[PDB]
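S.K.:
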Amino acid sequence: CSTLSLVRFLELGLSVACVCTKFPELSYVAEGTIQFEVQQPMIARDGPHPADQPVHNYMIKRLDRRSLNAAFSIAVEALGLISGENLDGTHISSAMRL
Amino acid sequence: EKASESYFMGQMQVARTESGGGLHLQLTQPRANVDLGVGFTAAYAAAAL
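If you're matching them up, the sequences are chains S and a in order.
Residues in the first sequence are numbered consecutively from 51, following the entry's author numbering.
Residues in the second sequence are numbered consecutively from 1036, following the entry's author numbering.
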């Protein structure tokens, strides 16, 4: 036979790159935007800054979404023997279900 | 050098002023500097290109 050596993500090295936090209700609240800006530093230059609009130092960042897919086909005889519908008390049937 | 020049930091001032539905107050702090070194006290050189 052949085992399946599973791998844990956190125990990898790449984990240091991103922070992973379990947010359960994302699939529901993702219907809109979240839209948090971060920052920007600014040097205090000499000479008086004019009385105008461009004091922008808070560029915004917007969420993006991603999914993941998997297929898990199960045969028609399987659930037959699983659900006890196609079952007889014989040792044979009590084994094929296993 | 160590004591290249003396540098006097003043006190902060504001200018409370509003413009177009917005408070626009600025900040200021006068300064002054003087080199307390007889002869040159700082040199530089062009290292790379």
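The beta carbon of each residue, even a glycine, is placed where N, CA and C say it ideally should be.
Could you tell me the distance, in whole angstroms, from the CA atom of S/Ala145 to the CA atom of S/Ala80?
M.R.: Along the first sequence, read from residue 1 onward, the residue named residue 145 of chain S stands at position 95. Along the first sequence, read from residue 1 onward, the residue named residue 80 of chain S stands at position 30. Going from the Cα of S/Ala145 to the Cα of S/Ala80 covers about 47 Å.
S.K.: Quick check on a/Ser1054 - is its C-beta less than 7 Å from some C-beta in chain S?
M.R.: Counting from one through the second sequence, the residue named residue 1054 of chain a turns up at place 19. It does: the Cβ of a/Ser1054 has a partner Cβ on chain S nearer than 7 Å.
S.K.: Looking only at its own chain, which residues have a Cβ that is under 6 Å from the Cβ of a/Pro1065, when we skip the five neighbours before and after it?
M.R.: By one-based count along the second sequence, residue 1065 of chain a stands at place 30. Hits under 6 Å: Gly1045.
S.K.: Give me the chain a residues within the contact set of S/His99, using Cβ-Cβ distance strictly less than 8 Å, ordered along the chain.
M.R.: Taking the first sequence and counting its residues from 1, the one referred to as residue 99 of chain S is at position 49. Correct list: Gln1061.
S.K.: Is the separation between the beta-carbon of a/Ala1067 and that of a/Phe1043 shorter than 7 Å?
M.R.: Your numbering for residue 1067 of chain a matches position 32 in the second sequence. Your numbering for residue 1043 of chain a matches position 8 in the second sequence. Taking 7 Å as the Cβ cut-off, a/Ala1067 and a/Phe1043 qualify as a contacting pair.
S.K.: I want to know whether the stretch 108-117 of chain S touches the stretch 71-87 of chain S - three or more CB-CB distances under 8 Å.
M.R.: Output reads yes: the stretch 71-87 of chain S touches the stretch 108-117 of chain S.
S.K.: Could you have a look at S/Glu61 and say whether DSSP puts it in helix, strand or coil?
M.R.: To locate residue 61 of chain S, count along the first sequence from 1; it is residue 11. Note: S/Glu61 maps to coil in three-state DSSP.
S.K.: With S/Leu113 as the anchor, note down where its alpha helix (DSSP H) starts and where it stops.
M.R.: If you number the first sequence from 1, residue 113 of chain S lands on position 63. Element bounds for S/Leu113: n/a, residue is neither H nor E.
S.K.: For S/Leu148 and S/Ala67, what's the separation of their Cα atoms in angstroms?
M.R.: Residue 148 of chain S sits at position 98 when you count from the first residue of the first sequence. Residue 67 of chain S sits at position 17 when you count from the first residue of the first sequence. Those two C-alpha atoms are separated by around 44 Å.
S.K.: Kindly list the residues whose CB is nearer than 8 Å to the CB of S/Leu131, restricted to its own chain and excluding five residues on each side of it in sequence; keep chain order.
M.R.: Residue mapping note: residue 131 of chain S aligns to position 81 of the first sequence, counting from 1. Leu137, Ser143, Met146 and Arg147.
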